[PDB]
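What follows is one structure encoded as structure tokens, with my remarks underneath.
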Amino acid sequence: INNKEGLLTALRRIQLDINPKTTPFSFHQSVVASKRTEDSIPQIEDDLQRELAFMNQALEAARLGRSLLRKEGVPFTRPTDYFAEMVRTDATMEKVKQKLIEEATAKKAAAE
Amino acid sequence: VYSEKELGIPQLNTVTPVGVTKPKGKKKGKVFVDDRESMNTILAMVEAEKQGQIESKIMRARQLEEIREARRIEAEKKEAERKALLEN
Amino acid sequence: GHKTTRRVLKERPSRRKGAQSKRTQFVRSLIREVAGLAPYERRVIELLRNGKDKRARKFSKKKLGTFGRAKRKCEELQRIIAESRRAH
Amino acid sequence: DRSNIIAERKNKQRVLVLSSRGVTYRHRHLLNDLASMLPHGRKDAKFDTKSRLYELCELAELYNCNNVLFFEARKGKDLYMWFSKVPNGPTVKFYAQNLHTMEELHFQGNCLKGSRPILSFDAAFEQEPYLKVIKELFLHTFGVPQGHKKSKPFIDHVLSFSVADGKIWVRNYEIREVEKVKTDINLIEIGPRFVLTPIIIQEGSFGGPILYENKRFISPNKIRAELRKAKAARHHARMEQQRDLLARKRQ
Amino acid sequence: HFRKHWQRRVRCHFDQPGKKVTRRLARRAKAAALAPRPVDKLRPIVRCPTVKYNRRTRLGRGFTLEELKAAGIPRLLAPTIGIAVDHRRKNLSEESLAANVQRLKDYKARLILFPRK
Amino acid sequence: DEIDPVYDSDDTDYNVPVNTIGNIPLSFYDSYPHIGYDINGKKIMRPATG
Amino acid sequence: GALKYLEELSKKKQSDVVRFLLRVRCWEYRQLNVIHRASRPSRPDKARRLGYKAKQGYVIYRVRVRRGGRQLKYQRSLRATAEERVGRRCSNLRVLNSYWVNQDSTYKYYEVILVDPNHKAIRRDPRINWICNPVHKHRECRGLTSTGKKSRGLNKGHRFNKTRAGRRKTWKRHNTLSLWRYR
RNA sequence: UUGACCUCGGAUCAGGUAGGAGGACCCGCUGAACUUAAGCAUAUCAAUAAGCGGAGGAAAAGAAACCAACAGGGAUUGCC
RNA sequence: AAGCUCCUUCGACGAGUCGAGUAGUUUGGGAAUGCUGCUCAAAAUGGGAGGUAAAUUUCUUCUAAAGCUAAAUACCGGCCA
RNA sequence: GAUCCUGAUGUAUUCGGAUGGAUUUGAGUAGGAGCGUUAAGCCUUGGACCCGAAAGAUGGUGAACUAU
């Protein structure tokens, strides 16, 4: 059960126009990679390689997005003066930096 | 007790932005503070942090306002420098 | 699974526990008329008469706690409005 | 204007993030993370399991939302995500597993609440026709429109969808800028990490003809039933062995 | 695994033979009360629920109304003549219904009923 | 008939602030001449002094 | 039919008639004592379905109970406290069952149906001679009323494993080490 | 003027009843700490001991808003 | 007085209770394991709990908020042996 | 059994592993050894070979202050 014609009919019903000649990247902000990540992930169980491939795909997306967005002239960098609510709380990142502290201290304490 | 500068602890992104971080073991561009407006804002920060708690609300407001005015004057000074070096 | 000859069971009154008592319905309607409406039901009636039907439904949710209960309360109050209109 | 959009071209998309009754704490944390990342969204509590999948559509009409992200938990163990465009089509069902939500103290990354993300998609997402329908809906869900008044003005994170196995892997990364050596982009994971496997794509809001079936979906209930049948099989093998032993002892 | 006070909660079954004699005498006393009658009520044969145990039968709680009617034993008289009745169990299968009616017919054939007073 | 995604009057987010600042305290920007940033990327000046 | 009419009228509580009546009564009960006797049940249908009869031997007591908590929460309800207080007042009667009547904002109100076990009519009539039996002394103190069963979790199912058949009895049964003669 | 009904009282009015003791086991309320382990903190001791209220020869529970996915079981309780 | 059978007649079932939000407490048990307090506050081809990806939320199984009841079970106290 | 491949008739057009392999792994197969119990020894938990530290908690009994 894979009805390609019906799937394409349904795409045509909802497909908002993303043609680059008429639609700006500031409007869609979606970029597709030019290389399948499953061709760079040989083994699915290999967590390190899997995460590395995911990160590389996201890095390519981020670089292309920055290039297009700077060409279009929208701010990209977050100023050091702009303080706003973050998705992860300040107490949460206090805990995160804390655990990083105990990890580093444990390592150098073993060395000492 | 050990310093987070000694430990290789990455910077974390909080409400205070990390900004464009500088690479470890590399030349970080030294920014020289020489404009009297810039010493004005730094000295205002130092004096505020030294004086600390003032009971009077208007006094707190005035010290904060002089800090903001020092920052502002530094801002137009830098903008004027930018314009001078960009057209002339 | 195993092959057993299916049997049809007699109707269970405990399964007939669902109330179809016309007399209970009559009692409920008469008691509604006699007692009147709660303040939140009066608010929902005002909203439904004015046409804010999506607002009424949201307020019914906020006051009851479930989509289905809000839908049933809104239907009951709309039927009361219709009966009042045809009675007047 | 009530669109809460200040832009030349208005992309009016409103998301309804819904939870079912049997969700767990991890599922609720995932839902909260997605809602925090979605500024054009509305969070909504338990939905009746005895209710109707199109009563979902009337509920979305109630809240004036044109996209539905529904969380349906089975046995308090397994997640299912229904992405939908209400009212007229199309809609996909995913089996959601392998959840690692936020407030897990091993991510080290963050982003602004409501800022526009960069959506990273895959060549498989552009090649396979059904992955193309799932890409469009995920764009409509995580779009974060350009002129929306609740979105943050600066961009700092990328949401990446990848297809490695017959599943879709989602990651969220902070773009940290580092000055070059005589800027460069580095990525640090910030948010939820979950695996989706597609099951059905229906033409229609929460119904209509089936357009795609996985036909290779292994249900966790199927694993549980296999374990139970294995236990019963060993017990019955032991009983048959006892009967054969008694018979040979008689012989 | 002795973090609690097992010493103040420990039980020794030194009264196993004494309890056995007590139970045997209790079965003797109810046989003295119900002299000609058996000291137990008739129980139906049922199938075990779980797929692990579904190939073996056991004794259930009581006989169902429709199988009792099929065997021809009145409901108000079955507990009187010593047949347990279970109003919650339902047949759902001709196999169980027929097996239980066979059991009740065997009881009918083997039963001796005294004519009231 | 298709949904028009507007924010009606009863919607919690019918009126949204222009500050584009979340639930963080205003202890920040206390030593700065501005308060928050708008959605277009422009910082927002404090009005004046009393 | 009056009993169903009253049942529906009690179901609709914030209705105008019931709200008005509850306000006036709430005032009257505040003017009255903390624990006092009733004459006739203010909710005859509830009293009847809980087991009240118009016989010589059945009495009603209305009790006022202060509402709130101890951040500590009292495991027994305000309903059980009212029953226990009414029993301590009328130590010669058996607390059959209590029901809600008013709530205001400072005190909840409860009418408690009590039965005299020493009355000849009660003793001769079955269906209540069980409460004449001596094992039922201070059911409200031992938690044997409906509120007591609800608080004890005396329900059957997988959600009531630790509390049904007695919580402390279950804990003891699970924490006894059983040693037999042949081990 | 008289007489009912309702509500609230009085009596060393007629007849009854409660208290206290006991508490081995039983039903509830309330409720620790010593100890053990772990960077720390939750946890453990323990839903225990102490305190309070209430019964009996047993108490409690108890006749499914149960278990289940069966070819079905069928109140409660206790042992393996 | 009672039981069955038949039917061109009927068939009544527990509300500040479920439930939603929340604080405490408790459990192996955020489908909140149960309980309590607090604000809101229900339904009648209804409600509760499970099963299920199977295409819609189908199927399965019971009737809560009224009550009584011996036995198998516990026992360092009572009358004894 | 497991991992990396090599890729057969064919098949529902997307379903499978056969042959040949690998400096691989098994607490593997390679013609069963376990169960019950007696005696001795060791480990852990309970008071734990015996005696002995300051403390904390629950519930009670009493008094000691030109302080009035």
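All Cβ positions, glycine included, derive from the backbone under ideal geometry; neighbour counts span all protein chains shown. Each reported figure results from applying straightforward, stated rules to the coordinates on display, with no laboratory input.
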In segment B:6-32, how many residues are charged (D, E, K, R) and at the interface with chain D (Cβ under 9 Å from one of its Cβ atoms)? 4
Kindly check whether there is at least one residue in segment E:51-73 that is among the small types (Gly, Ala, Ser) and within 14 Å of RNA strand H (Cβ to nearest atom). yes
Which of the residues spanning segment A:82-104 are surrounded by fewer than 20 Cβ atoms within 10 Å (Cβ to Cβ) and in contact with a strand residue (DSSP E or B) (Cβ under 8 Å, 6 or more places away or on another chain)? A:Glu85
Being at the interface with chain G (Cβ under 8 Å from one of its Cβ atoms) and basic (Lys, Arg) is the filter; apply it to segment E:5-17 and report the residue that is farthest from RNA strand J (Cβ to nearest atom). E:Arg11
Taking the residues in segment D:212-224 that are exposed (fewer than 13 other Cβ atoms within 10 Å of the Cβ) and more than 10 Å from every other protein chain (Cβ to nearest Cβ) as candidates, determine which candidate is farthest from RNA strand I (Cβ to nearest atom). D:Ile223
What residue, of B:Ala84, B:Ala80, B:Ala48, B:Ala70, is farther than 30 Å from A:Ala109 by Cβ, facing another protein chain (nearest Cβ under 9 Å) and among the aliphatic types (A, V, I, L, M)? B:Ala48
Given the conditions (1) assigned to a loop (DSSP other than H, G, I, E, B); (2) within 14 Å of chain A (Cβ to nearest Cβ); (3) buried (at least 21 other Cβ atoms within 10 Å of the Cβ), every one holds for D:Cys65 apart from (2)
Going through D:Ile199, D:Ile155, D:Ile168 one at a time, which residue ends up being within 16 Å of RNA strand J (Cβ to nearest atom) and either of a type in the set (A, V, I, L, M) or within 8 Å of another protein chain (Cβ to nearest Cβ) (or both)? D:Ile199
Any chance you could count how many residues in segment E:18-63 are in contact with a helix residue (DSSP H, G or I) (Cβ under 8 Å, 6 or more places away or on another chain) and away from every other protein chain (no Cβ under 14 Å)? 6
Hey, any hits in segment G:144-166 for a residue that's in contact with a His (Cβ under 9 Å, 6 or more places away or on another chain), more than 29 Å from E:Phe14 (Cα to Cα) and either within 6 Å of RNA strand H (Cβ to nearest atom) or among the aromatic types (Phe, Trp, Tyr) (or both)? yes
Which numbered condition trips up E:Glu95, out of (1) surrounded by 16 or more Cβ atoms within 10 Å (Cβ to Cβ); (2) under 21 Å from C:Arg7 (Cβ atoms)? (1)
Looking at D:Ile190, D:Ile175 in this structure, which one is touching a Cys at 6+ places or on another chain (Cβ under 6 Å), β-branched (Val, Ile, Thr), closer than 22 Å to A:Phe76 by Cα and crowded, with 19+ Cβ neighbours inside 10 Å? D:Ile190
Per the filter on segment G:17-44, residues within 14 Å of chain C (Cβ to nearest Cβ) and either surrounded by 15 or more Cβ atoms within 10 Å (Cβ to Cβ) or within 16 Å of RNA strand J (Cβ to nearest atom) (or both) are G:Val18, G:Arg19, G:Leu22
G:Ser91: within 14 Å of RNA strand H (Cβ to nearest atom) and either in a loop (DSSP other than H, G, I, E, B) or more than 14 Å from the chain's Cα centre (by Cα) (or both), yes or no? yes
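Evaluate segment G:72-80: report whether one residue or more is on the phi < 0 side of the Ramachandran plot, in a strand (DSSP E or B) and not basic (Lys, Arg).
no
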From E:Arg9, E:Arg3, E:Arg43, E:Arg103, residue being away from RNA strand I (no atom under 12 Å from the Cβ), in contact with a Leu (Cβ under 9 Å, 6 or more places away or on another chain) and under 30 Å from G:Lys169 (Cβ atoms): E:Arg43
The lone condition A:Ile44 fails out of (1) out of contact with any strand residue (DSSP E or B) (no Cβ under 8 Å at 6 or more places or on another chain); (2) more than 7 Å from chain D (Cβ to nearest Cβ) is (2)
Candidates A:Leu7, A:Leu11 - the one that is surrounded by 18 or more Cβ atoms within 10 Å (Cβ to Cβ) and over 24 Å from D:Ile190 (Cβ atoms): A:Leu7
Out of D:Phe94, D:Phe83, I need the residue that is farther than 26 Å from D:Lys10 by Cα, more than 10 Å from chain A (Cβ to nearest Cβ) and in a strand (DSSP E or B). Which one? D:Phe94
Can you run down the residue pairs with Cβ atoms below 6 Å, 6 or more apart or on separate chains, where the first is in segment D:208-224 and at negative phi and the partner is more than 16 Å from RNA strand H (Cβ to nearest atom) and assigned to a loop (DSSP other than H, G, I, E, B)? D:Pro209/D:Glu203; D:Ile210/A:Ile1; D:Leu211/A:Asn3; D:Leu211/D:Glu203; D:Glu213/A:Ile1
Could you please tell me which pairs satisfy a Cβ distance under 6 Å, a separation of 6+ or placement on different chains, a first residue in segment A:1-20 that is more than 7 Å from every other protein chain (Cβ to nearest Cβ), and a second residue that is surrounded by 15 or more Cβ atoms within 10 Å (Cβ to Cβ)? A:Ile18/A:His28
From the options C:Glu83, C:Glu46, C:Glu75, C:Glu11, residue that is surrounded by 13 or more Cβ atoms within 10 Å (Cβ to Cβ), more than 13 Å from chain G (Cβ to nearest Cβ) and not hydroxyl-bearing (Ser, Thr, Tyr): C:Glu83
